[PDB]
């Protein structure tokens, strides 16, 4: 039987679907970067998409580990066009900060219900978000300093294209 409340299971399941949309969003950003001829940015986004899927499966397993069941929901069509390089990364940061707040909402719900296990389990994602947001903020600061110069952008694209 489930050892988590139906409320927490729902919250986790929806976060699972939320992570899947995140991954699909970043893939969409990759289709945009590839369209604009920036293989390095595209590459970074494909990796970011992959990392997001692992996050989703990490929620997947926990849900079953507590007797819960995962229900895959419809995934919405993501945007495919951005004004430019910086805008796409800006949207990536805004999206990360959104998933971080989504994580926060589950943590507060689990905390209110004294579901200490789930609260402990979420700690990892909190720390991971602080890391992802910082990555994007760095890229943005760099793009901001680049101020449109194709020379710096090309470097940035080459570097980000190195992400393992």
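Numbering follows the first chain given and starts at 1.
Mean CA temperature factor is higher for 152 to 160 when stretches 152 to 160 and 20 to 28 are set side by side in the entry. The PDB entry records a higher mean C-alpha B factor for 66 to 74 than for its counterpart among 98 to 106 and 66 to 74. Ranked against the other modelled residues of its chain, the C-alpha B-factor of residue 134 as given in the entry falls in the middle third. In the deposited entry, the Cα temperature factor of residue 41 sits in the bottom third of values across the chain's modelled residues. Ranked against the other modelled residues of its chain, the C-alpha B-factor of residue 52 as given in the entry falls in the highest third. Sorting the modelled residues of the chain by their CA temperature factor places residue 61 in the highest third. When all modelled residues of the chain are sorted by CA temperature factor, residue 34 is found within the lowest third.
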